[PDB]
Ligand SMILES: [Ca+2]
């Protein structure tokens, strides 16, 4: 996250870290949101490569023990049917990881609340992005979890010519673009948490940023819109 601040350790409990095995070490690649004790929601481009993945919940500092972590392997990866790697502007950037074991829910491991189906936010709605991704465009990952206030840019303003044009679709939520704060690589797959009726709900799955950079005036972070996927999600969880 470019432009944020350290989250408190109990703040975002549904946030998970998605890591892959590199040699005999383990490295952070993406975020995710715990939605069942055995299912994580993440971006599809995160699990494109044929890597061994593991999920860390209740994680806060990547390099130190926090005394709150739970590590569990991924037994099945279910990507949207229509996802195409050569086109992230096409959408369907969402995937479901069933965990090899169920995690224990406590003050650090809680489930993400998803939006009702079809729910669109009013423009400039208060949302926070969270994650361990880059803190500078072309910089390096953060060790502690970062958060940043990112208000939505609605689909009309966002598909207009000064913002994202035709690159963005209505299956996606835009947030930010002040050119100071934003998501960045390592944040993908992670949550966009939007306050709605006194509760925070996970409305976005971080998907992408501009090739120019992460924080760029009028190039908000593009998230996959979760409220467009509730029925697909639920059809997958009730099978496996
Ligand atoms: Ca740790």
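First residue shown is number 1, and so on along the chain.
This deposition comes from X-ray crystallography, 2.3 Å.
Every residue gets a Cβ built from N, Cα and C, even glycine.
If you check Swiss-Prot, you get these features:
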ACT_SITE  45  active site, charge relay system
ACT_SITE  93  active site, charge relay system
ACT_SITE  188  active site, charge relay system
BINDING   59, 61, 64, 69  Ca(2+) binding site
DISULFID  30-46  disulfide bond
DISULFID  127-194  disulfide bond
DISULFID  158-174  disulfide bond
DISULFID  184-214  disulfide bond
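Structure with Swiss-Prot features highlighted.
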residue	record	Cβ contacts under 8 Å, 6 or more apart
45	active site, charge relay system	83, 85, 88, 93, 188, 207
46	disulfide bond	18, 29, 30, 32, 95, 188, 189
59	Ca(2+) binding site	15, 16, 17, 66, 68, 69, 145
61	Ca(2+) binding site	143, 144
64	Ca(2+) binding site	143
127	disulfide bond	121, 149, 150, 151, 152, 175, 192, 193, 194, 195, 203, 204
158	disulfide bond	164, 168, 174, 220
Q. When the Cβ positions of the recorded positions 61, 93, 194, 214 are compared with the atoms of ligand 1, which fall under 6 Å?
A. 61
Q: Using the recorded Ca(2+) site (59, 61, 64, 69) as reference, state which further residues of the same chain have their Cβ within 8 Å of the centre of those residues' Cβ atoms, listed in sequence order.
A: 56, 60, 62, 63, 65, 66, 68
(Q) Rank the recorded positions 69, 93 by how many other Cβ atoms lie within 10 Å of each Cβ and give me the one with the fewest. (A) 69
Q) Around residue 194 (disulfide bond), how many other CB atoms lie within 10 A of its CB? A) 24
